[PDB]
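Undergrad:
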Ligand SMILES: [Mg+2]
Ligand SMILES: [Zn+2]
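Residue numbers (PDB author numbering), protein chains in the order written: chain A, 450 to 1136; chain B, 1259 to 1282; chain C, 2 to 226; chain D, 1 to 237; chain E, 441 to 527; chain F, 27 to 109; chain G, 464 to 1012, 1025 to 1090, 1097 to 1126; chain H, 30 to 56.
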């Protein structure tokens, strides 16, 4: 879904600030030609819409959309690809239209799309084209949100933007309830190695698969184990076949990052109760059981790249070695004999990765420095240590040492004698603050990871995993997640409806080999032709017990929960089930960011913000307004002089703190003197 | 000059009571 | 009042699970009693699990072994479901030696004395003709969950791959009461508790250890006067 | 196992029979295990006596009219409910509230028989306004917890004897809560903040000791299966 | 700005100056004057042993003997662990 | 009257404190200048003595000087003139 | 002794020796930090809190300040600053502390008043359900009544045993709570000595336990905790008690609210969303009406726009009928309706779109699609209905982005105008002050309360003394105009009160204090340095995002900018009877002057303007006022300055 | 269906659509 995006206005088009909202609205010819659901939710709403599912580009650069043509009521199978023009020449029926199972409709008055962007009822003779299927107007990512027809468009927007933000877990287990789009969406995304020609496995491994084709030839398939993606996440490829396996052409042979068994898998299936629990799930916060932390159910891998280079300079040339001035062998005990750290060395914050030293030159020293050198007998150490240090917060083992050299005659930038990249990876567990979400935009950070004993547990002894908030469900109009929860419980426990009357009435249009189901069996509700209310409740009637005779969930869908903390049963039963949630790429250590005293800017004297640095916070304009409104003059003076720009004031603040003395008076800010010098330089006598 | 910065509040002399100086 | 000492009993269903019915308990009290035993059993039973492993072929957690189908992290996630009980508080080591194609079961671990694998048929990994699996595992006592202990928190070399550990012989605990509550005020609760262990110890032993810990803790309210 | 951080217990005394206890630091999350347990065992395990049924002169069927008094029969009932009596005999003993003439009645004005006692004798019960004579019979036995009135089957034979509920617990109200003491050095340890108000029969410290005794005897049942099991133990004091 | 004030090393340097003044206070008058005028710590001008003997009325070889005495006196780790910390 | 006991940063209660000052800004500068005096007294404790009086309240074990100044104001041991 | 210089201490900090957390606790104790959400709309957007160390990596934040911050927990990030000086620590400690800022700067209502979870928990705790378990019955035949309790603690034990439901009607005897004013005053001689009181109440256990949260000086409540009732309660607490008692009461309310939010059992089931059984017949009958309108347009008997309007009226009436049928169909224990009926969140229309009918969905342009969405979100939409709903969803999101940008601009302009109005003097001591309406009466003789008294007549210093036909001087010059004096003047019957205001403050450098009246942030008088210009600018510019859009936020934006209104409804210039006359596509309404003057011609009066109905509709020869508006609409401010002073 | 290594994901799909999903990166 970073492929197949349509950018509406940009280079060779209108500017983002210049464009109004006439571009941002959805013209009624977007049906089947551009998805109205999937868009960025920021300022770029409606400018960046993805392609549809069945859409196809014309040679003339137009967006064809296929249609089953209907002739004399009989809808044929002549699929005709139509542009917007021939859309507007005709009238178009819908897929939710009762066919006779022989081509014709059974009702003469059919829903239809009038060519002026209108909807009419029509005699069943004048329509000449029908949609190929449902879900024709939806995106690829939005085609994977089940129970979409119950959800609201805003929360579907948040869910479709939430789908392409998951991180690949280490287990990568498939959802118990999906659509029919996960499988083809996986094998067309390219991140799964496909069995190209139909053959038999000659040898399986962990890095390669030697298929043996049916005519002599062989082929390996080199897995990319632990490849770094463009956002730090892992890209493993575990093979799925065994030694004597005969494969077919176009078959999945190795799951990628977010794939299980061939099909897509963005998260795990999790038990969930919808009660409000002790204010920890307050205002769209989520709690989790500790079983996720201990059992490694939600655990990503972040392969991070650090990179330093050995250039030349005016005073000589920088060099990479073990020798670092004024340093001990204790910090040096991990790097190799030539300076880099070895593979598998665990690092922490502020360790050395590449011991790098440059010629400082020779300067005059302070007399106290000279006296300490004379006392301890040490030399000047005339070469400056500027070694690569692993920055703040990052840790984990060192996977790879990618090192290049100009002396090894590779191509290198001008002046760089050696380039060395070091890949560090941390196996991040789940934690409080990690932004979790469902598949319907029901997002929320993890409020508190409870231990598994004081987590509200189901009446057989099963503790639930997460506990959502009730009040986030109705006022956001995304009860698609509640229907998904009920269906997830149904598909988890399995069912077998009665056959004494054969088909009960709700089970009529319900297709066959669904009247019974084994437990832990996956199902797929498609987007606009899926499960209904009557089918869901009737299937939830017979919901075969766990191991004993214990129907844990009533026909209402709820269940009786004993409180793990207090001990009493909860006085009203609570909706449970198996929601399919994911873990998103908004983790805490990507965001938590503090600074006491770090680097500064160059032209201005402000602390250089940004998490790449230690980084301040932009104390903006409205914050100045609010602290004016409190009347707090002194704190405003601190924030605008001696935490920001008073150069001689800052070191006096530091001295007064570590000496434990009173904070001195703020001096003149540096930016004001900059303004004074500019205004004097504009031939204005600023007396 | 708004709140703590105004001249009626910024120029406060603070010193203990002479009874309290006789307490120690 | 009702004047009869409460009684504990036993009911074995299977090997690694059983029931314990207590009678008679005070009204509105069997729930709290079962919950207290549940929170003890589910959290604070001392046992033993693996701590860190060492494979000869690899140096860190995030690579492969030439000859197997899974990799190091997949073998880690398989080995976290091992159950083995020690009797010695020292960290002992076991060994695993394998060659040739075939599935590497957990029962092919050669252990030292005192430790006992209770899940022999757990499939760890599978091998090919070039397969070569050779790994030692460090078993260690403990209780509750412990995080993966860092190698800078230790001082060990690159061979150690620190694993998480879950020292918990329990697997599943529930309780359910039977409040009699007749209209003659001889009303009592009959707590029926169900424990399920993961085959390390018997439920009788787990419950006896949990009740022993609670006997230790409740004298703190008692034996300060 | 060794707990490595010994929890303490400080009898911090508020107003006389409302002492507040703390237990800190605790293993996470054992405060929630034992605070609810201690609350319920303080509430419903300590023996003590209260009135069970009452026989009144003059009161036959309307339950509203008593001559000579200002009090109401319901008010009589709740005042006698709020009366601490410590029996020492495991049987229903009787009492006889007799007072003649106009005057107000306190709790000590009843004659206590042997084995029972009145702890708040200055607690006013009744106010006989003018020329009233009182003859109330009161059945007190000891029990545990709290129990509503036995209905008209067993307590309906003697039509004078109409029943009441029984606040048998010497404690009255128990609250408990946890804290987050020393989350980094002691690594998320809990402080259970117990707070108990009893009557003037026994002390909160005495009630805590009795509940600890009964609870450790209750968990002796679970301990007497394999005493040679490894538990988790602090050790000394 | 890699050529800016690092601002912990400046206050470290001032504190180092004060601790060094204390360490020179722990020695005698002639010793402190010799080291101060030798390395120029009191003014910014390192004079030589001939100048120190000029202001002291003794041989420059006596100044070198005083120097060796003071450097032996300084090289107690029991005395100068607090200055070993400062590098 | 009988309300509660405070704890932490709200001790002493500032609603009780504002009975002793005109504005809350005067309260702020009151406490601030007393804290500067207390901090300079703690700095002057290593050297010789002068008129910088110490904490009039027996302070805490390890107390911030601002809190000592606040409890001193709440004890009404101090006096002040406006600008 | 853990470091011999600052360098050893710095390397101890980087290498994180385990004593450093103890040292961190030592330096953290009594040292407030500043918190800050992204964009700071108003003054409560920056608060100060005493910190405390928490494992993990996320700022644990108290749940009652998210209303003030406007910060839900969907992944929003907050910055943290730190004061260093003694002056700055005092400023953050006394001024910007969390407990010191509960009331609004805008309207003085408490912003720390609880919400969704706490409000639902308190609503479940304080509702009363008849026929509950352990209910007091007055039945006393052979058995007694069995519904009375000597103590709430006895009732607590009766609820811990499975006898008493907490929402059951009972008759306890409270000894430690103030009875409400009637029972107290009738029970004894006005000395409401709730320490020594001993009195009975026919209430719930839940309302007793709820009023145990409130202070002892507070009377009993004995009501059902709607959110408006809780707002009134915290208003009374703040305007009567010191703020520390309000803070502790609000904290206790939060804890009891969560503890009963768990036990309330408010879940959501797919069976808990019921559709009305007579929905389909309603849609059938209104479909017959719609089909008749469609046939009427198919005859050509009316135009296309008019049949659009006919379908719009038909389906709006149909949607309202569906909403009424759903309202009568649902019982109150239904958690979806329980959330709204508590006042936790949500309107009924969200429930109507959940079950029932979606209704009419707008065009991209803003027009109405004539095909309604006749399926609920529980029943699942169809594809064309989803395509119809996407227009309004997308337009709403774009409107929200543009509205927060424009609100930022409006607050920029307002701060840049009003930044130089601070309180500088105690009293300008003029007598010039405006007059406030203050509950103009009913013709039957009733002084009916005006709605906008609490926004206009509250919190101001009276410039005139309040007298009743020169009888008793009921309220002196310079009272705060709080609640009881307003009730007193309402009892006295006087309405027009010449109160002082900043529109007539005689001070030059800024405004004075008594002309500003009571500060909304404190409830006391404003101090003599508070920059009320920035408070006013932030309180005006803040809720502009909730302004739902000639009228709306641009209409507000041009109103301060003194622009010309595009719908410029004209005004009179003099009294007299009108020469009302309607021309050709635009009207030509003249006015006969009542005085010696010229007949004032008004030329360009377009057909979109209508006759102003006042007093009855406007008519020809109606005697007009001096500056009475000619048409009903927008009057320009510049000429109404030039007319009416 | 119509893909050899697909898992047996049962569907509630009442409508039988004859057109298959295209080769998604054909654009
Ligand atoms: Mg948010
Ligand atoms: Zn004024």
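Note that beta-carbon positions come from the ideal geometry of N, C-alpha and C, so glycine has one too.
Secondary structure at residue 452(E), three-state DSSP: helix, strand or coil?
TA: Looking up residue 452(E) in the fifth chain gives position 12. Looking at residue 452(E) - three-state DSSP - the assignment turns out to be helix.
Undergrad: Taking DSSP as the reference, what is the three-state secondary structure of residue 767(G)?
TA: In the seventh chain, the residue the question calls residue 767(G) occupies position 304. Helix, per DSSP.
Undergrad: Taking the alpha helix (DSSP H) that residue 47(C) belongs to, which residues open and close that run?
TA: Within the third chain, the letter at position 46 stands for residue 47(C). Careful: residue 47(C) lies outside any alpha helix (DSSP H), inside the beta strand (DSSP E) at 47-56.
Undergrad: Return yes when at least one heavy atom of ligand 1 lies under 6 angstroms from the C-beta of residue 1005(A), else no.
TA: On the first chain, position 556 is the one that residue 1005(A) refers to. No, Cβ of residue 1005(A) sits at least 6 angstroms from all heavy atoms of ligand 1.
Undergrad: Check whether the Cβ of residue 60(F) lies closer than 7 angstroms to any Cβ atom in chain A.
TA: For this step, residue 60(F) is matched to residue 34 along the sixth chain. Answer no: the Cβ-Cβ gap between residue 60(F) and chain A never drops below 7 angstroms.
Undergrad: From what residue to what residue does the alpha helix (DSSP H) around residue 722(G) run?
TA: Locating residue 722(G) in the seventh chain gives position 259, counting from the first residue. Annotation for residue 722(G): the continuous alpha helix (DSSP H) segment containing it runs 706-726.
Undergrad: On a Cα-Cα basis, can you pick out the residue from 163(C), 124(C) and 69(C) that is closest to residue 106(C)?
TA: Stepping through the third chain from its first residue, residue 106(C) is reached at position 105. That would be 124(C), whose Cα lies nearest to the Cα of residue 106(C).
Undergrad: DSSP three-state call for residue 795(A): helix, strand or coil?
TA: Taking the first chain and counting its residues from 1, the one referred to as residue 795(A) is at position 346. Secondary structure of residue 795(A) (DSSP, three-state): strand.
Undergrad: Looking only at DSSP bridge pairs, what is residue 961(G) linked to?
TA: Residue 961(G) sits at position 498 when you count from the first residue of the seventh chain. Paired residues: 898(G).
Undergrad: Among all the DSSP beta bridges, which residues are the ones paired with residue 884(A)?
TA: In the first chain, the residue the question calls residue 884(A) occupies position 435. Paired residue(s): 894(A).
Undergrad: Please report whether the beta-carbon of residue 760(A) lies at a distance below 7 angstroms from any beta-carbon of chain H.
TA: For the purposes of this step, residue 760(A) is taken as the residue at position 311 of the first chain. Not closer than 7 angstroms to any Cβ of chain H, the Cβ of residue 760(A) fails to qualify, so no.
Undergrad: Just to make sure I have the definition right: I need the residues of chain D whose C-beta is within less than 7 angstroms of the C-beta of residue 1016(A). Which are they?
TA: Here residue 1016(A) refers to the residue found at position 567 when the first chain is read from its first residue. Ordered by position in chain D, the residues that pass the 7 angstroms Cβ test against residue 1016(A) are 36.
Undergrad: Beta-carbon within less than 6 angstroms of residue 122(D)'s beta-carbon, same chain only, minus the 5 sequence neighbours each way: which residues are those?
TA: In the fourth chain, counting from the first residue as 1, residue 122(D) sits at position 122. Excluding sequence neighbours, residue 122(D) sits near 106.
Undergrad: Classify residue 707(A): buried if its beta carbon has 16 or more other beta carbons within 10 angstroms, exposed otherwise.
TA: The residue you call residue 707(A) lines up with position 258 of the first chain. That one is buried.
Undergrad: Does chain F have any CB closer than 7 angstroms to the CB of residue 1110(A)?
TA: One-based indexing of the first chain puts residue 1110(A) at position 661. At least one chain F Cβ lies under 7 angstroms of residue 1110(A).
Undergrad: Taking residue 733(A) as part of the beta strand (DSSP E), name the residues at either end of that continuous run.
TA: Position 284 of the first chain, counted from the first residue, corresponds to residue 733(A). Per DSSP, residue 733(A) belongs to no beta strand (DSSP E) and is neither H nor E.
Undergrad: Rounding to the nearest angstrom, what Cα-Cα distance links residue 479(G) and residue 534(G) in this structure?
TA: The residue labelled residue 479(G) in the question sits at position 16 within the seventh chain. The residue labelled residue 534(G) in the question sits at position 71 within the seventh chain. Separation of residue 479(G) and residue 534(G) (C-alpha to C-alpha, rounded to the nearest whole angstrom) is 33 angstroms.
Undergrad: Starting from residue 176(C), follow the beta strand (DSSP E) in both directions and report where the run begins and ends.
TA: Taking the first residue of the third chain as position 1, residue 176(C) is located at position 175. Note, residue 176(C): beta strand (DSSP E), 171-177.
Undergrad: Just to confirm before moving on: does the CB-CB distance between residue 574(G) and residue 542(G) stay below 7 angstroms?
TA: The sequence position of residue 574(G) within the seventh chain is 111, counting from 1. The sequence position of residue 542(G) within the seventh chain is 79, counting from 1. No, they are not a contact pair.
Undergrad: Flag residue 81(D) as yes if its beta-carbon sits less than 7 angstroms from any beta-carbon of chain K, otherwise no.
TA: The question asks about chain K, but that chain is absent: this structure's protein chains are A, B, C, D, E, F, G and H.
Undergrad: Is residue 588(G) close to chain A, meaning its C-beta is less than 7 angstroms from at least one C-beta of that chain?
TA: Locating residue 588(G) in the seventh chain gives position 125, where the first residue counts as 1. With 7 angstroms as the cut-off, residue 588(G) does not count as an interface residue toward chain A.
Undergrad: Here's a check: name, in chain order, each residue in its chain whose Cβ is nearer than 6 angstroms to the Cβ of residue 46(H), leaving out the five neighbours to either side.
TA: On the eighth chain, residue 46(H) is found 17 positions in, with the first residue counted as 1. Counting only Cβ-Cβ distances below 6 angstroms, and skipping sequence neighbours, we find nothing.
Undergrad: What residues in the segment 1071-1082 of chain A have a beta carbon less than 7 angstroms from any beta carbon of chain F?
TA: In summary, the residues of the segment 1071-1082 of chain A whose CB is separated from some CB of chain F by less than 7 angstroms are 1080, in the order they occur in the chain.
Undergrad: Between residue 1039(A) and ligand 1, is the CB less than 6 angstroms from at least one heavy atom?
TA: Residue 1039(A) sits at position 590 when you count from the first residue of the first chain. No, Cβ of residue 1039(A) sits at least 6 angstroms from all heavy atoms of ligand 1.
Undergrad: Taking 7 angstroms as the cut-off, decide whether the C-beta atoms of residue 1079(A) and residue 1262(B) are in contact.
TA: Residue mapping note: residue 1079(A) aligns to position 630 of the first chain, counting from 1. Residue mapping note: residue 1262(B) aligns to position 4 of the second chain, counting from 1. Cβ distance not < 7 angstroms, so residue 1079(A) and residue 1262(B) don't count as in contact.
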